[PDB]
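Asks: Model the structure of this input:
(5 chains)
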Amino acid sequence: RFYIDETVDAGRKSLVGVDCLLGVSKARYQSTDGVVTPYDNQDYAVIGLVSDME
Amino acid sequence: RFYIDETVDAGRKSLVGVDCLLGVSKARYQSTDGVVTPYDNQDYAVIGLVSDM
Amino acid sequence: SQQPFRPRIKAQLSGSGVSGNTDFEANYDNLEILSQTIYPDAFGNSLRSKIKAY
Amino acid sequence: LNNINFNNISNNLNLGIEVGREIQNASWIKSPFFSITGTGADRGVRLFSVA
Amino acid sequence: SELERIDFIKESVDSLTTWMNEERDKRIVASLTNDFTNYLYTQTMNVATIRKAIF
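Replies: Numbering: from 1, shown residues only, chains lettered A, B, ... in the order given. The relevant structure is shown in the block below.
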């Protein structure tokens, strides 16, 4: 969402702004009770791939 | 230019400003090339008149 | 379209021209143009009012 | 008096600079993450449109 | 603004749009790359490792 205010400094200056409300999380599901499973604290669908830079 | 802002303090105060771009220069011309003239780097239409006070 | 302005003068022609049948190329007169650059300057002042009721 | 003048046309005080109104940006770049994203369940990045 | 012939609203909006795009994508990437529970390391990226990762 954009917010444009042309009334800064009595109208002599202007402010443009941009804003976003977003929930972002890596899919990682916790047990809704005390039972521990293989899915407990694991990246559900992510495997890392680490190498060296050049 | 005049800037009227009736939205100071939730719109309860207002601010009136005045702003101007102005170029002021004592006419003192330079040669656009290497031709030296009497008008070169001299006050075009001003003679000083200094006195004691 | 306010920009740094550049007013120009041309000096007075002060050559002897040509006499009689002589052609102009024997004495060409030199047009000379002098220049100056005028940069703008921003300045202003403002007044803040009291509350509407006052 | 009359020597070789080695100046270039920038020194000519009869010329005025004309600034262009179109300003180029680096907005050509794109990342391949908008295509990964979607509302379907078969998406690397699933969007739950929670009104 | 008018002196330097800069349309500020337009230019500012498109640059802020580019910024918003990059920052949302960086949220996604940062959350995606935080705290790998399962990963493979290799000295150089080869198709052997990609096949191992798919397997």
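Asks: going forward, measure contacts between C-alpha atoms and count neighbours the same way
Replies: OK.
Asks: which parts of chain C sit against chain D?
Replies: With Cα under 8 Å from any Cα of the partner chain as the criterion, chain C meets chain D at residues residue C:35.
Asks: which one's the longest strand in chain C?
Replies: The single longest strand within chain C, with elements called by DSSP state E, is strand C:42-48.
Asks: That strand and chain B in contact?
Replies: Yes. Against chain B, strand C:42-48 shows contacts by Cα under 8 Å from any Cα at C:42, C:43, C:44, C:45, C:46, C:47, C:48.
Asks: and that strand, how far out from the chain's middle?
Replies: Here strand C:42-48 is found 29 Å from its chain centre; the criterion is Cα atoms, centre = their mean, to the nearest Å.
Asks: Give me the helices and strands touching that strand, please.
Replies: strand B:13-21 (3 or more Cα pairs under 8 Å, 6 or more residues apart in numbering or on different chains; DSSP states H and E).
Asks: Within its sheet, name the partner strands of the strand it packs on and how each one runs.
Replies: Using DSSP bridges, strand B:13-21 pairs in its sheet with strand B:2-8 (antiparallel), strand C:42-48 (antiparallel).
Asks: who touches the last one?
Replies: Strand C:42-48 is contacted from outside by B:13, B:14, B:15, B:16, B:17, B:18, B:19, B:20, B:21, B:22, using Cα atoms under 8 Å, 6 or more residues apart in numbering or on different chains.
Asks: buried set for the longest helix anywhere in chain E?
Replies: Ranked by number of residues, the top helix in chain E under DSSP state H is helix E:8-33. Neighbour counts over helix E:8-33 (16 or more other Cα atoms under 10 Å in any protein chain shown) mark E:13, E:16, E:17, E:18, E:20, E:25, E:28, E:32 as buried.
Asks: again with stretch A:14-27
Replies: For stretch A:14-27, burial by neighbour count (16+ other Cα under 10 Å) applies to A:26, A:27.
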